[PDB]
Amino acid sequence: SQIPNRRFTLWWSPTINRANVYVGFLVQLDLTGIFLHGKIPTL
Amino acid sequence: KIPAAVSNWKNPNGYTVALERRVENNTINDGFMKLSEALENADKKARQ
Amino acid sequence: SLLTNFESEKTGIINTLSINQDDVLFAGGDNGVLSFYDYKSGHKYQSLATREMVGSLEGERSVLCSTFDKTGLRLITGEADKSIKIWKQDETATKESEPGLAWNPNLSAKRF
Amino acid sequence: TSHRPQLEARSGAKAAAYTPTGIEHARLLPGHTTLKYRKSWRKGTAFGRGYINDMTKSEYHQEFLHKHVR
Amino acid sequence: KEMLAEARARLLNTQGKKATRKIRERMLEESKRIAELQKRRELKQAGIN
Amino acid sequence: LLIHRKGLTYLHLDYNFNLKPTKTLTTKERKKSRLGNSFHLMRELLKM
Amino acid sequence: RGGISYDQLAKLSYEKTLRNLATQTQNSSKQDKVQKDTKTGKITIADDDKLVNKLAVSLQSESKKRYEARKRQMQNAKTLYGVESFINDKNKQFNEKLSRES
Amino acid sequence: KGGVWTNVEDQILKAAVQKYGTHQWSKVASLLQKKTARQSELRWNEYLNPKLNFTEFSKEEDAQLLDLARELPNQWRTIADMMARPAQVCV
Amino acid sequence: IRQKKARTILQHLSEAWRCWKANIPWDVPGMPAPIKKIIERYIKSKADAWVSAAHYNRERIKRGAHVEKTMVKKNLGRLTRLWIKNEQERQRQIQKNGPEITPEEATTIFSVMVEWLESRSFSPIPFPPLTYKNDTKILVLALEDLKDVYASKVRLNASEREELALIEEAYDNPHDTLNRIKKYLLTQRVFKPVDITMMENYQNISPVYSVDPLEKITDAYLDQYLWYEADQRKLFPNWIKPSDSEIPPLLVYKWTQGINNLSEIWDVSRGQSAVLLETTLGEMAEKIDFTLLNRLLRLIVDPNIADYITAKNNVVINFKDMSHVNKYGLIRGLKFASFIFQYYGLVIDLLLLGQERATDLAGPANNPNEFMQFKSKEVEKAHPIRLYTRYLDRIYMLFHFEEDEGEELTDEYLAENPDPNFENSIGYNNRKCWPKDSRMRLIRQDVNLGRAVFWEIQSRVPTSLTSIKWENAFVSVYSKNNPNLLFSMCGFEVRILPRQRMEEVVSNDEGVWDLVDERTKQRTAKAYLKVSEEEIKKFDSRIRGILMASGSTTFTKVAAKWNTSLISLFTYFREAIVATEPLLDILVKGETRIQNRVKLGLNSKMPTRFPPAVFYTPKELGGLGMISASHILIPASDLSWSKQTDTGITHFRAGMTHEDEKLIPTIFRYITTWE
RNA sequence: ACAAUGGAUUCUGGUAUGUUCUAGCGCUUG
């Protein structure tokens, strides 16, 4: 199924992946320095 | 003895079974008669 | 040990049983034809048929479950017509004027 | 084929000869462990002066399909 | 006449995908067996059991 | 020992108790390597 | 009319084989114990091996005869009717089975 | 665009209804190249059906039809159930 | 009996359950009667579980309490079996027991209509001639109306694409397709069958009828023609609504102006009282009889069209497997079915009104009245029925009684129907939306007058034509004991309070119509608006349907569906949102479910991750473009005492929150008000 | 003369699934 939801969540990504999270397990992406709070697979 | 069941919906083995095996007796009452006549009699009275 | 064979003939499909203290055995049939048997002998002394309802199918006339009360003078039967029928053994009936069916064993049925 | 009715049910004769496992289920935990024992303006008009054993023919069914359809 | 022959073919086929795959898999399994038996018979002619 | 008795040697459990696969997994391996709540909950207690 | 019950059919099959056993003795006549071992408990019966042979042959002969009398019925009834539409043999045997119902 | 019924499409439709029954019309029209399931269902219920009688009316049936057509003017699907005939035949 | 014979007999059971679902009678020739007795028994056993599970799940869906997405579609399919099965039972009962109207009833009904048309000197509508001056324009209007579906949707099936090509051919050759339509009106009398599909509205299930597109074109031409010729000849009088001249909120405004403008309606100096009546007209379309209907149409239409119309209603009706012939009921799905329904409405209007008073309401034929206008005041003072209108099957009557006339009217009902226990207040119904002081008080004189009002009106119409019941009936009485005149229009619940009975005059917010007398130009009554409770549940059903239809639908589609539903509520209900507290709760719960749908799309429902900048930013900047309605302080005031009287706004409940404050504007500001 | 503030996240997602993959010789005859 085609999704332009991906371009929506990429456009708002610095607010979606905030560091002000209530609970979220801190992971880092594999080759980079981005820290992901929890799991957002579309991001 | 029980007849064999031939269904209009399912055919699991895909059998070709004759058309009569796949697929009232009353009349109208006088209420429909007296309705139509009274409407005509009211109509002819209206025309005159 | 086989104590007795009852005189149940042409009753077809007996759904329920219940035994009274007074040796009255009740046999609910799927054909409503409910029958009362003497327990120690096997005599069908009464055979009733029920009325279903104002409107229902003819298969609905069928006794499904039955028991007596603790006194043994009431018979609660549950039937397929969504009904619960209570059967009273009537007072002021005597051996005279209410004999029940006649005690008549036969050779032709091999039951005994 | 491959979509069939049952000719007979799964009997408990087969599971009785198996060896048990003794897995611990949540609903087999100890609970309720103690038993309880018993002791002039009208004239100008034109026209002047219960239970059935059928769920589809029921009165509640007709009031159902009149409000729930509209 | 082309759609008649297509209809005549479709009416006379009542099996389905599980049956038709099963028929083919059994024909392969029998043919795999026959080749292995004939292979053993030839090696028996050569004396190797 | 529990991971390796199940044969899941491609899952690496590091010293900080993160469980990561060491390779891209086939679907038959993904079904086998699904660990329940009781395993992970036990791991997260040790990680705490 | 109607069918024959199993107790009646078993008697007629009983009577027919006696006539086969009667004529077998007549065709033979035209051409010309009990020991109970006390230790084992077993009973042994001494009988003629020819009559055991004739029992074994006749049952095989009756089995083959019914096997052939049905095989010809399979070959005839396949090549009788072809009017109504069929697909395979199981369709043919079913729609013929609808004909015996009516 | 609306096609006409040839005798080839009718005999395919007879055999398919003989194969699939009367309640699987989109499966029946999959055999008929150029023919909708609504068309093939309507074609069976109006023409092909052996229950339908394409006979001439008797002298009684003509008077009984004229009697109905004043009783129910003009309600042809209702009359055709009374007459046990197809409706376009009754019109 | 072996495993083979037990295997075949369980087929008959499966076949017969399909036949019961199909409503096809299940008869096997040569089946043994004991076994047929057994199988019919277990079906009826299964039928009770099949029906009662269908009832039980509808009560769940109307509450809205956790119904699975599959279970909504299953229950949709179970009801439409039951509704058509109930329909097929009702068709057979009419066929066995004759037409419900008696021949004396139909003779009187026909005689009334002839007398009305002769009084109007109505000339009958002819068959459209070959040379017709407006023939090309009316044909265009029909095809455009059929075309307007297509611009909306993207992909089309075979029957849709057939309907495209048929309309495109009719654009190219108007004269050719006019001759085809003129032919079918003359000759064609047997029609293709019609499919019912049902729309799920979560509070009711509504029927949608699909007509064959070749028949749909000639119906649509006939519909445009008949509506034009009727309005040229002024067939339908002013009380029949919708007017084609006014929107339904303007209909409420003129009606509420129209009550105020009529003389002496508010005076209770003597014992006089004012009564407004509301009923549904029951199954009005369902009880139409075709033989009566064809006879009635011949008065007004050329009989070739009237034979077309009556034959068009009698078609085969098809569900997925079930099929029956519509012998009796009117099919509303026809394009011209609007014309029958309003005309059959005119017959009922004459039965309530009578020949004399309907002339007063309509006025003379040469100069017909306005919708609330009489020629003189003395025409107005006679005959207590002051105002009348009929929306579709809803009937609105305004009665003004003198004290003598009211006492005469109420005594004869108590003569015919006495009450020793005086329990007339129990069966009475009024609006529970208004406060208890504010709704109609149950004074036993007024309650007895209200029932006597309805009992007079119920007797005028035979039950064979329509079913008029007290339970559908809403009657309000204005008297010295009741300063509140209450009624419910198209979706509005209205309290009309006059100025002098106000017992103090306070300014109000704009949810209040100020009603102006025409000759004084003075505001002498206040009309108070609320959205009906039925419309509130209807809007909630739309929000659910947006959520239930969208499985994995993209975020901007869901936001666009929210906007178009929210605007449709607010632009229609402009002035009745503000009073209604329960609607404001549904707006909050509705909008936050849409925001949760986006928050369900991403795998986090967190608040801080989704600042209101995400949802409410316009599409040109990358936001969803959601339109806000719930960032509003909702008035909360003392629910124990708010049922008693109108407390006023004393406290504010918070509507929607966020960690970072943003005062997002709401559309109600951006939509100019009805009054 | 008002101090009133709910949320929060993991798992179940078109290549599934299935088969075969004998190097290392079991005694005699062939």
# chains A, B, ... in the order shown; residues from 1 in each chain; ligands from 1
$ residues_around --residues "range 96-109 of chain C" --least-positions-apart "3" --cutoff "8 Å" --atoms "only C-alpha atoms (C1' of nucleotides)" --output "ChimeraX atom specification"
/C:43-46,93,112
$ write_last_selection --atoms "N, CA, C and O atoms" --output "JSON list (two decimals), in the first residue's frame"
[["chain", "number", "residue", "atom", "x", "y", "z"],
["C", 43, "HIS", "N", -46.17, -50.46, 33.65],
["C", 43, "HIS", "CA", -47.43, -50.21, 32.98],
["C", 43, "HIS", "C", -47.54, -48.74, 32.61],
["C", 43, "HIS", "O", -47.48, -47.87, 33.48],
["C", 44, "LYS", "N", -47.72, -48.46, 31.32],
["C", 44, "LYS", "CA", -48.08, -47.12, 30.90],
["C", 44, "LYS", "C", -49.51, -46.87, 31.32],
["C", 44, "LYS", "O", -50.45, -47.38, 30.70],
["C", 45, "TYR", "N", -49.71, -46.11, 32.38],
["C", 45, "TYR", "CA", -51.07, -45.86, 32.83],
["C", 45, "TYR", "C", -51.62, -44.52, 32.36],
["C", 45, "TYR", "O", -52.82, -44.28, 32.52],
["C", 46, "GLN", "N", -50.79, -43.65, 31.80],
["C", 46, "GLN", "CA", -51.28, -42.40, 31.26],
["C", 46, "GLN", "C", -50.38, -42.02, 30.10],
["C", 46, "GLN", "O", -49.18, -42.30, 30.12],
["C", 93, "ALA", "N", -59.26, -38.18, 42.45],
["C", 93, "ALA", "CA", -59.34, -39.27, 41.50],
["C", 93, "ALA", "C", -59.10, -40.56, 42.27],
["C", 93, "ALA", "O", -58.22, -40.62, 43.13],
["C", 112, "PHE", "N", -41.78, -58.16, 27.88],
["C", 112, "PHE", "CA", -42.04, -58.66, 29.24],
["C", 112, "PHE", "C", -41.34, -57.85, 30.33],
["C", 112, "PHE", "O", -41.35, -58.23, 31.51]]
$ interface_residues --of "chain B" --to "chain H" --cutoff "7 Å" --atoms "only C-alpha atoms" --output "ChimeraX atom specification"
/B:8-9,11,14-19,22,27,32-33,36
$ interface_residues --of "chain I" --to "chain D" --cutoff "7 Å" --atoms "only C-alpha atoms" --output "list in words"
residues 48, 83, 203, 204, 205, 206, 351, 352, 353, 354, 355, 356, 383 and 460 of chain I
$ write_last_selection --atoms "N, CA, C and O atoms" --output "tab-separated table (two decimals), in the first residue's frame"
chain	number	residue	atom	x	y	z
I	48	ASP	N	-33.44	-18.36	16.13
I	48	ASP	CA	-33.57	-17.54	17.32
I	48	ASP	C	-32.21	-17.01	17.77
I	48	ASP	O	-32.10	-15.86	18.19
I	83	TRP	N	-34.75	-7.06	7.50
I	83	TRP	CA	-35.62	-5.98	7.05
I	83	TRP	C	-36.36	-6.37	5.79
I	83	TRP	O	-37.55	-6.06	5.64
I	203	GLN	N	-27.08	4.16	14.03
I	203	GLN	CA	-28.28	4.37	14.81
I	203	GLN	C	-29.50	3.88	14.07
I	203	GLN	O	-30.51	3.58	14.70
I	204	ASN	N	-29.42	3.82	12.75
I	204	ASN	CA	-30.42	3.19	11.91
I	204	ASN	C	-29.72	2.69	10.66
I	204	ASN	O	-28.58	3.06	10.38
I	205	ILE	N	-30.41	1.85	9.91
I	205	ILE	CA	-29.87	1.29	8.68
I	205	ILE	C	-30.76	1.76	7.52
I	205	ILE	O	-31.97	1.55	7.52
I	206	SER	N	-30.16	2.45	6.57
I	206	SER	CA	-31.08	3.10	5.64
I	206	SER	C	-31.00	2.49	4.26
I	206	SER	O	-29.91	2.11	3.82
I	351	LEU	N	-57.10	15.92	3.88
I	351	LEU	CA	-57.89	15.18	4.86
I	351	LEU	C	-57.82	15.82	6.23
I	351	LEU	O	-58.81	15.85	6.96
I	352	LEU	N	-56.64	16.30	6.63
I	352	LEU	CA	-56.55	17.00	7.91
I	352	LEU	C	-57.25	18.35	7.84
I	352	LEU	O	-58.04	18.70	8.73
I	353	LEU	N	-56.89	19.13	6.82
I	353	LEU	CA	-57.38	20.53	6.64
I	353	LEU	C	-58.88	20.60	6.35
I	353	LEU	O	-59.55	21.49	6.91
I	354	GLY	N	-59.40	19.70	5.50
I	354	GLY	CA	-60.72	19.85	4.96
I	354	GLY	C	-60.74	20.83	3.80
I	354	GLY	O	-59.84	21.64	3.61
I	355	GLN	N	-61.82	20.75	3.02
I	355	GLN	CA	-61.92	21.51	1.77
I	355	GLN	C	-62.00	23.01	2.03
I	355	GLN	O	-61.47	23.81	1.25
I	356	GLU	N	-62.64	23.40	3.12
I	356	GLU	CA	-62.85	24.82	3.36
I	356	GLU	C	-61.58	25.50	3.86
I	356	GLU	O	-61.19	26.55	3.34
I	383	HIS	N	-61.92	29.33	12.13
I	383	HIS	CA	-61.34	27.99	12.07
I	383	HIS	C	-60.00	27.83	12.77
I	383	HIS	O	-58.96	28.10	12.16
I	460	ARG	N	-59.13	12.16	11.71
I	460	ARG	CA	-59.40	12.66	10.37
I	460	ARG	C	-58.79	11.79	9.29
I	460	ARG	O	-59.29	11.76	8.16
$ atom_distance --atom1 "CA of residue 4 in chain B" --atom2 "CA of residue 11 in chain I"
8.7 Å
$ closest_atom_pairs --of "chain I" --to "chain A" --cutoff "10 Å" --atoms "only C-alpha atoms" --output "Markdown table"
| residue | atom | partner | partner_atom | distance |
| --- | --- | --- | --- | --- |
| I:552 | CA | A:1 | CA | 8.8 |
| I:553 | CA | A:3 | CA | 8.5 |
| I:554 | CA | A:5 | CA | 5.9 |
| I:555 | CA | A:5 | CA | 6.4 |
| I:556 | CA | A:5 | CA | 8.3 |
| I:598 | CA | A:5 | CA | 9.5 |
| I:601 | CA | A:5 | CA | 8.4 |
| I:602 | CA | A:40 | CA | 6.4 |
| I:603 | CA | A:40 | CA | 5.7 |
| I:604 | CA | A:40 | CA | 7.3 |
| I:606 | CA | A:22 | CA | 8.0 |
| I:607 | CA | A:22 | CA | 9.2 |
| I:608 | CA | A:21 | CA | 7.0 |
| I:609 | CA | A:16 | CA | 4.9 |
| I:610 | CA | A:16 | CA | 6.6 |
| I:611 | CA | A:15 | CA | 7.7 |
| I:613 | CA | A:12 | CA | 9.5 |
| I:614 | CA | A:12 | CA | 7.2 |
| I:621 | CA | A:11 | CA | 9.9 |
| I:622 | CA | A:11 | CA | 7.2 |
| I:623 | CA | A:8 | CA | 7.9 |
| I:624 | CA | A:8 | CA | 8.6 |
$ residues_around --residues "residue 45 in chain F" --least-positions-apart "4" --cutoff "10 Å" --atoms "only C-alpha atoms (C1' of nucleotides)" --output "number ranges by chain"
F: 17, 40-41
$ interface_residues --of "chain J" --to "chain A" --cutoff "12 Å" --atoms "only C-alpha atoms (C1' of nucleotides)" --output "count of residues only"
5
$ closest_residue --among "I:191, I:253, I:239, I:20" --to "residue 77 in chain H" --atoms "only C-alpha atoms"
I:191
$ atom_distance --atom1 "CA of residue 277 in chain I" --atom2 "CA of residue 457 in chain I"
9.4 Å
$ atom_distance --atom1 "CA of residue 5 in chain B" --atom2 "CA of residue 15 in chain I"
7.9 Å
$ closest_atom_pairs --of "chain G" --to "chain B" --cutoff "7 Å" --atoms "only C-alpha atoms" --output "CSV"
residue,atom,partner,partner_atom,distance
G:85,CA,B:16,CA,6.4
G:86,CA,B:16,CA,5.7
G:87,CA,B:16,CA,6.9
G:91,CA,B:15,CA,5.5
G:95,CA,B:17,CA,6.6
G:101,CA,B:3,CA,6.6
$ residues_around --residues "residue 36 in chain C" --least-positions-apart "5" --cutoff "10 Å" --atoms "only C-alpha atoms (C1' of nucleotides)" --output "JSON, numbers by chain"
{"C": [17, 18, 19, 23, 24, 25, 26, 27, 28, 42, 43, 44, 45, 46, 47, 48]}
$ interface_residues --of "chain I" --to "chain H" --cutoff "8 Å" --atoms "only C-alpha atoms" --output "list in words"
residues 189, 190, 192, 290, 291, 294, 307, 310, 311, 314, 315, 316, 321, 325 and 327 of chain I
$ write_last_selection --atoms "N, CA and C atoms" --output "short mmCIF file (atom, residue, chain, number, x, y, z; two decimals), in the first residue's frame"
data_model
loop_
_atom_site.label_atom_id
_atom_site.label_comp_id
_atom_site.auth_asym_id
_atom_site.auth_seq_id
_atom_site.Cartn_x
_atom_site.Cartn_y
_atom_site.Cartn_z
N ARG I 189 -43.72 -0.96 -20.00
CA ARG I 189 -44.45 -1.16 -18.76
C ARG I 189 -43.87 -2.25 -17.87
N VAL I 190 -42.82 -2.94 -18.29
CA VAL I 190 -42.14 -3.94 -17.48
C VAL I 190 -40.68 -3.57 -17.39
N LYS I 192 -36.59 -3.54 -15.44
CA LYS I 192 -35.52 -4.35 -14.90
C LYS I 192 -35.55 -4.32 -13.38
N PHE I 290 -51.16 1.06 -5.03
CA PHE I 290 -50.92 1.45 -6.42
C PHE I 290 -52.20 1.67 -7.19
N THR I 291 -53.21 0.83 -6.93
CA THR I 291 -54.49 0.96 -7.62
C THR I 291 -55.16 2.27 -7.25
N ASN I 294 -52.72 4.94 -9.01
CA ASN I 294 -52.92 5.16 -10.43
C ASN I 294 -54.21 5.93 -10.69
N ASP I 307 -49.65 5.65 -16.21
CA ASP I 307 -49.46 4.22 -16.34
C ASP I 307 -47.99 3.84 -16.24
N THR I 310 -47.01 4.04 -12.24
CA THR I 310 -47.53 2.93 -11.45
C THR I 310 -46.85 1.63 -11.81
N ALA I 311 -46.55 1.43 -13.09
CA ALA I 311 -45.83 0.24 -13.49
C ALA I 311 -44.38 0.28 -13.02
N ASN I 314 -43.87 -1.12 -9.50
CA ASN I 314 -43.99 -2.56 -9.40
C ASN I 314 -42.82 -3.18 -10.16
N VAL I 315 -41.73 -3.45 -9.45
CA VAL I 315 -40.58 -4.15 -10.03
C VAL I 315 -40.12 -5.23 -9.08
N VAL I 316 -39.23 -6.06 -9.57
CA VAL I 316 -38.58 -7.07 -8.75
C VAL I 316 -37.51 -6.38 -7.93
N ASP I 321 -29.19 -12.78 -2.60
CA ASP I 321 -29.84 -14.01 -3.14
C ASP I 321 -31.37 -13.88 -3.12
N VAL I 325 -41.22 -9.27 -5.36
CA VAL I 325 -41.89 -8.27 -6.18
C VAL I 325 -42.54 -7.25 -5.27
N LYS I 327 -45.29 -5.51 -4.69
CA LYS I 327 -46.70 -5.37 -5.03
C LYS I 327 -47.30 -4.09 -4.47
#
$ decode --residues "range 18-33 of chain A" --atoms "C-alpha atoms" --output "PDB file, in the first residue's frame"
ATOM      1  CA  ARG A  18      11.714  15.137  20.620  1.00  0.00           C
ATOM      2  CA  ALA A  19      13.967  14.709  23.626  1.00  0.00           C
ATOM      3  CA  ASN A  20      11.126  15.856  25.905  1.00  0.00           C
ATOM      4  CA  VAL A  21       9.669  12.352  25.853  1.00  0.00           C
ATOM      5  CA  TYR A  22       7.783  11.091  28.910  1.00  0.00           C
ATOM      6  CA  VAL A  23       8.998   7.529  28.538  1.00  0.00           C
ATOM      7  CA  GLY A  24      11.060   6.302  25.637  1.00  0.00           C
ATOM      8  CA  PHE A  25      13.994   3.944  25.411  1.00  0.00           C
ATOM      9  CA  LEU A  26      17.049   5.740  24.067  1.00  0.00           C
ATOM     10  CA  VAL A  27      18.618   4.012  21.109  1.00  0.00           C
ATOM     11  CA  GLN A  28      21.046   5.416  18.591  1.00  0.00           C
ATOM     12  CA  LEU A  29      20.798   4.611  14.899  1.00  0.00           C
ATOM     13  CA  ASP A  30      23.312   2.108  13.619  1.00  0.00           C
ATOM     14  CA  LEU A  31      25.760   4.226  11.648  1.00  0.00           C
ATOM     15  CA  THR A  32      24.813   7.746  12.736  1.00  0.00           C
ATOM     16  CA  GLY A  33      24.367  10.005  15.728  1.00  0.00           C
TER      17      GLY A  33
END
